[PDB]
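Lettering of chains follows the sequences in order, A, B, ..., and the numbering in each one begins at 1. Values below: every heavy atom of this structure, side chains too, minus hydrogens, waters and symmetry copies.
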Amino acid sequence: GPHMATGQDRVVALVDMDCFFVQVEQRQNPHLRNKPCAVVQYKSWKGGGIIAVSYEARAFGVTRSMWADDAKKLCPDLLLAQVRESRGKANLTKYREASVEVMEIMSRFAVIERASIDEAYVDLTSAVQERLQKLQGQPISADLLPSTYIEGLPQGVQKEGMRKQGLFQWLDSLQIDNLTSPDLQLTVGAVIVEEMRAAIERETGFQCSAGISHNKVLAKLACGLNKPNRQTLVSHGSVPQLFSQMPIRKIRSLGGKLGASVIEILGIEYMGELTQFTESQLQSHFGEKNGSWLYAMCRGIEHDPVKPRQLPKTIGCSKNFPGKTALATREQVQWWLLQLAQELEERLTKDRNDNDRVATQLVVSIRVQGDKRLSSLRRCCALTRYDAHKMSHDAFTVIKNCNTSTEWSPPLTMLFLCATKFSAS
DNA sequence: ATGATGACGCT
DNA sequence: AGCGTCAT
Ligand SMILES: Nc1ccn([C@@H]2O[C@H](COP(=O)(O)OP(=O)(O)OP(=O)(O)O)[C@@H](O)[C@H]2O)c(=O)n1
Ligand SMILES: [Ca+2]
């Protein structure tokens, strides 16, 4: 009772850019703004593969991974922007650079963990503490939270009026006098996230959504509840009702085989149903670490820290060669390894200038035709010089003998070069 | 014939 | 070391 930890020790946000690649292309090309549009990679095969979709185009059913020719069937007026292609492969440099624009703004407010090209977690616990002292005991005005939803409220007209009704019920109940109230801490966290999101939009033109809660899993779930261009506060108290109809696969790390096995072995559907099992029962089905994690998570409790990490730990370059394009001669394999190695050298050289580090290991991964796995084979070698001809030759040497005989058999459907094991320089 | 990319766990 | 899982 008095010794039951409630997982309310931190304020954590997750910031997620809305249709990110689309916003990057729309900033650059005003003719694309406020239109059904998508970002595509390649072009010759069925018009290219869709990677990102504006909310106007999503209303027609356009989705990621769809071929652009097929998307045009659902949305004949769909506008398209193409990803840059360099040395025969898609070149995402424009979007990584726009990502850095955003991450550098967020880093002004708190330590961030880069979660992907367009997501970062924020540990706001200290910023909230400082802000709670500056705001003496003053109440929090609804005007400081103009894009915030309070999940679960209102309880007991149009979209915006309902948002404000919920926000009013939340603020009216807040114990402003208690500087240790977790609900007050989340609310201040949301005020800071409003400021952070305003700064991102002012300084880059980009809109985003955010979740604010007590841990990373709840912040990530919260972020998706009201997209786009809104933020959502998930309090500890909101968790039982929210989890009572929340499919297990929606929780971060439960979207794959482990989540499917929770459903199958326990015969449940929703995250809240996990509360009925003991920690030992969950550890027996899913392992010590997974069971302890599940036991706490279904109660809204998670301790995974926001890691102080803005830079990737690996830098990689990959390309698929599907169907009849599979690489089937030694010259082909060697030419494409050179193309990937040239793009990788370019990124590594910029990384060494920008971030004062050198990679020391080169990982080479290939996929062989007829293998459903992401990678058929991984080998490593020393990365001593940032020279593309050397890296591609080393990569070849390391995979040479996977060839079961001028010809390459079986043909390669993927090539992957990854620079890893960075050291300060 | 979705991709390109990246983190981390298990052994 | 090398493979498997899960994610944007
Ligand atoms: N299966 C996926 C999902 C995402 N991504 C990468 O992650 C980026 C951002 O993904 P995501 O946040 O899922 O999509 P958005 O386009 O930003 O849409 P949303 O508004 O839903 O966040 C994409 O551009 C893409 O580069 C990817 O490569 N493969
Ligand atoms: Ca996004």
Side-chain angles (χ1 to χ4, degrees), chain A residues 14-21 38-42 44-53 63-71 82-86 88-96 99 113-121 208-209 216-217 220 223-224 227 249-261 286-288 290 293 304 307 309-323 325-326 340 343-344 347 361-367 369 371 373 375-381 398-399 402 413-420 422:
Chain A
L14 184 272
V15 177
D16 192 330
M17 310 300 301
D18 299 321
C19 50
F20 182 50
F21 285 21
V39 175
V40 301
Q41 56 187 181
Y42 305 111
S44 55
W45 184 265
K46 304 189 167 182
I50 290 184
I51 169 161
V53 186
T63 61
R64 167 172 65 219
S65 99
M66 179 173 292
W67 302 116
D69 288 352
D70 294 334
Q82 306 189 63
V83 164
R84 177 182 308 122
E85 223 175 288
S86 308
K89 64 177 304 293
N91 180 345
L92 304 176
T93 296
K94 187 193 301 185
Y95 315 106
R96 290 187 195 97
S99 178
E113 175 181 346
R114 180 195 191 270
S116 68
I117 194 166
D118 77 328
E119 293 183 358
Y121 293 95
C208 61
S209 303
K216 286 165 61 173
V217 164
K220 164 79 179 277
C223 185
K227 271 202 160 265
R249 67 174 177 279
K250 303 299 180 175
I251 300 284
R252 188 195 61 175
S253 73
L254 299 182
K257 302 175 173 190
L258 171 63
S261 74
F286 312 111
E288 185 189 315
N290 283 339
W293 184 88
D304 182 28
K307 297 165 176 213
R309 202 218 315 119
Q310 246 179 284
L311 302 177
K313 298 187 181 185
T314 60
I315 296 187
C317 180
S318 65
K319 179 170 176 66
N320 296 350
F321 300 97
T325 67
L340 296 189
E343 300 278 294
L344 182 56
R347 283 193 67 190
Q361 181 174 70
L362 183 61
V363 176
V364 189
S365 182
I366 70 182
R367 192 184 319 150
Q369 193 148 49
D371 191 343
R373 298 176 291 175
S375 163
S376 288
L377 182 119
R378 258 162 286 185
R379 298 287 187 272
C380 317
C381 65
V398 153
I399 68 168
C402 313
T413 56
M414 178 276 284
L415 290 179
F416 200 170
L417 298 180
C418 191
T420 72
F422 283 91

*Does A:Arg252 put a side-chain nitrogen or oxygen below 4.0 Å from OP1 or OP2 of B:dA7?*
no
Atom CG of A:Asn290 and atom P of B:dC8 are separated, to the nearest Å, by 16 Å
A:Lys313 side-chain N/O to B:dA7 phosphate OP1/OP2 under 4.0 Å
no
Would you say C:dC3 has OP1 or OP2 under 4.0 Å from some side-chain N or O of A:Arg373? no
Q | Donor-acceptor pair (no angle test) under 3.5 Å: A:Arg378 side chain, C:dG4 base | A | yes
Whole-Å distance, A:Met414 CE to B:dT5 P, equals 12 Å
A:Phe321 CZ to B:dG3 P, in whole Å, measures 11 Å
query: With distance as the sole test, does A:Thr314 use its side chain to make a donor-acceptor pair with the main-chain N or O of A:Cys418 at under 3.5 Å?
result: no
For this session: Determine the Euclidean distance between corresponding P atoms of B:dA1 and C:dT8; express it in Å to zero decimal places.
Result: 24 Å
Of the candidates B:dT5, B:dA1, B:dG6, the side chain of A:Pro322 sits closest to B:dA1
When rounded to whole Å, the CD to P distance for the pair A:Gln41 and B:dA1 reads 15 Å
Atom CD1 of A:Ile50 and atom P of B:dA1 are separated, to the nearest Å, by 19 Å
Ignoring backbone atoms, establish whether A:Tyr42 has a side-chain N or O less than 4.0 Å from OP1 or OP2 of B:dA4. yes
Should the ring pair A:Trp67 and A:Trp45 be called parallel, tilted or perpendicular, given that the plane angle runs from 0 to 90° and is split at 30 and 60?
perpendicular
Exactly one of A:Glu119, A:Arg309, A:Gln310 clears side-chain contact (heavy atoms from CB on, under 4.5 Å) with A:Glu113, and that residue is A:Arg309
Here the gap from A:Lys307 atom NZ to A:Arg114 atom CZ, rounded to the nearest 0.5 Å, amounts to 14.5 Å
Are the side chain of A:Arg367 and the backbone of A:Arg373 linked by a donor-acceptor contact shorter than 3.5 Å?
yes
Checking B:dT5, B:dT2, B:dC8 against the side chain of A:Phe416 (C-beta onward), the nearest is B:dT5
Item to complete: Kindly say if A:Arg367 contacts the phosphate of C:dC3, meaning a side-chain N or O under 4.0 Å from OP1 or OP2.
Response: no
Whole-Å distance, A:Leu417 CG to B:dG6 P, equals 13 Å
Assign each of A:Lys89 and A:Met66 the nucleotide of DNA chain B bearing its closest heavy atom; nearer the 5' end lies the nucleotide of A:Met66
By the Watson-Crick or G-U definition, both distances under 3.5 Å, B:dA1 is matched with none
Strictly distance-based, threshold 3.5 Å: is any side-chain N or O of A:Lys319 a donor or acceptor partner for the main-chain N or O of A:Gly88? yes
So, does A:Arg96 get its side chain near the phosphate of B:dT5, meaning an N or O under 4.0 Å from OP1 or OP2?
yes
Any side-chain N or O of A:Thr325 under 4.0 Å from OP1/OP2 of B:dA1? no
From the list A:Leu377, A:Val398, A:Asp371, side-chain contact (heavy atoms from CB on, under 4.5 Å) partner of A:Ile366 resolves to A:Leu377
Establish, with yes or no, whether the OP1 or OP2 oxygen of C:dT8 is under 4.0 angstrom from a side-chain nitrogen or oxygen of A:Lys220. yes
(Q) Below the 4.0 Å mark, does B:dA1 have OP1 or OP2 next to a side-chain nitrogen or oxygen of A:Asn320? (A) no
Taking C:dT8, B:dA4, B:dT2 as options, the one with an atom nearest any side-chain atom of A:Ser116 is C:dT8
Between NZ of A:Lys257 and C1' of C:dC6 the distance, given in whole Å, is 11 Å
Between CD of A:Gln82 and P of B:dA4 the distance, given in whole Å, is 15 Å
Answer for the Watson-Crick or wobble partner of B:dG6, both distances under 3.5 Å, is C:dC6
Counting any heavy atom closer than 4.0 Å, what does A:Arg379 reach on the DNA or RNA strands: base, sugar-phosphate only, or nothing? sugar-phosphate
Flag as yes if A:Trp45 stacks onto the base of B:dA1 (centroids under 5.5 Å, planes under 30°), otherwise no. yes
